[PDB]
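Here's the structure we're looking at; comments come further down.
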Amino acid sequence: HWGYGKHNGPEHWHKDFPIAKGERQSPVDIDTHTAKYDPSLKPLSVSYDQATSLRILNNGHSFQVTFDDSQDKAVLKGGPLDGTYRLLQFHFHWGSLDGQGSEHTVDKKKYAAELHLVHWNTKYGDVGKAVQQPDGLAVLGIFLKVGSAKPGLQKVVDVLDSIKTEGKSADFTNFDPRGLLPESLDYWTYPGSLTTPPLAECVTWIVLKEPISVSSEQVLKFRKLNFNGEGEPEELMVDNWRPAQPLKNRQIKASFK
Ligand SMILES: OC[C@H]1O[C@@](CO)(O[C@H]2O[C@H](CO)[C@@H](O)[C@H](O)[C@H]2O)[C@@H](O)[C@@H]1O
Ligand SMILES: [Zn+2]
């Protein structure tokens, strides 16, 4: 199946998913000088107070924390969005070394990692239906740089040893994703896609300008995961990022002057 290696990585994905060469693919490079401040954009509303985390899992391409999305608990609204989008899961992309790992780039700068908080539009009733709509999903993207530890990330780091290989999962209740957010909600936004197969063009991207810092030890633990299932071994889970795709006929808008 698809992956990030030489024979199954991003340059191969178009064969099974022709939309890989489509008009609104993600990620992209964010050219900070070209992105235009849009005074009509609204503050982003990130309401995560009643989030209910369920599980943590290694899906063979990242690790992911899942949430109960059957009611409006943890929701994203405002900013570029019309309506309400429910948090279903978050996951990460990271590198083999600190100078790569992010999917979006900023003036071609790659960060060590990137956090994606994936939300779907309640007007479509479930995430499967939402991925079939141009405004079905909103993904909040947050850059990670290496420096001080992020305390809110540690609960995640400490259980990664239990989900080393594809297919493994664990209980992961009472996790508060507010602890993964930077101070500022200044953001860039543009219409794009899922960055993993099926690459559906269903995402409004909201990428925060301010990175969070994580420690060397925290990201080191990401790098011990495996793409492979137990017994297939082994493909170390590193460099699970899609590179920047052509911007084509799109404008990136900034929420800040
Ligand atoms: O990040 C995508 C990746 O996560 C999985 C679960 O491991 O799917 C989750 O997220 C999808 C949206 O991106 C949802 O469509 C799906 O319902 C949810 O479980 C993988 O299937 C997917 O490749
Ligand atoms: Zn992602």
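Using full-length UniProt numbering, read the sequence shown as starting at 4 and increasing by one per residue.
All C-beta atoms in this analysis are idealised placements derived from N, C-alpha and C, irrespective of residue type, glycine included.
Distance, residue j Cα to residue i Cα
i    : j    : result
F20  : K171 : 26 Å
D101 : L147 : 10 Å
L183 : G155 : 6 Å
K113 : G98  : 10 Å
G104 : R89  : 26 Å
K45  : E233 : 46 Å
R226 : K167 : 10 Å
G195 : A116 : 19 Å
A257 : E235 : 45 Å
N229 : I22  : 28 Å
Nonlocal neighbours in the same chain, by C-beta distance under 8 Å from residue i, ignoring five residues either side
i   : result
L91 : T69, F70, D72, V121, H122, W123 and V130
Terminal residues of the alpha helix (DSSP H) in which residue i lies
i    : result
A77  : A77 -> no alpha helix (DSSP H), and no H or E assigned at all.
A133 : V130 to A133
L223 : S219 to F225
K112 : No alpha helix (DSSP H) contains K112, which DSSP labels as neither H nor E.
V210 : Unbroken run through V210 is the beta strand (DSSP E), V206 to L211; no alpha helix (DSSP H).
For residue i, the nearest candidate out of the options (CA to CA)
i         : options                   : result
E26       : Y7, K256, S219 and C205   : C205
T199      : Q28, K9 and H10           : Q28
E213      : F259, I255, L250 and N177 : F259
residue 2 : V78, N231 and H36         : The structure shown has nothing for residue 2, since the chain only spans 4 to 260.
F95       : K251, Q254, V241 and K256 : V241
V31       : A257, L250 and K256       : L250
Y51       : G139, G86, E14 and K76    : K76
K224      : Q74, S196 and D164        : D164
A54       : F93, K153 and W244        : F93
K24       : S218, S219 and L197       : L197
Whole-angstrom C-beta distance between residue j and residue i, which should lie under 8 Å
i    : j    : result
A173 : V162 : 6 Å
Same chain only: Cβ atoms within 7 Å of residue i, ignoring 5 sequence neighbours per side
i   : result
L84 : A141 and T207
First through last residue of the beta strand (DSSP E) which encompasses residue i
i   : result
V49 : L47 to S50
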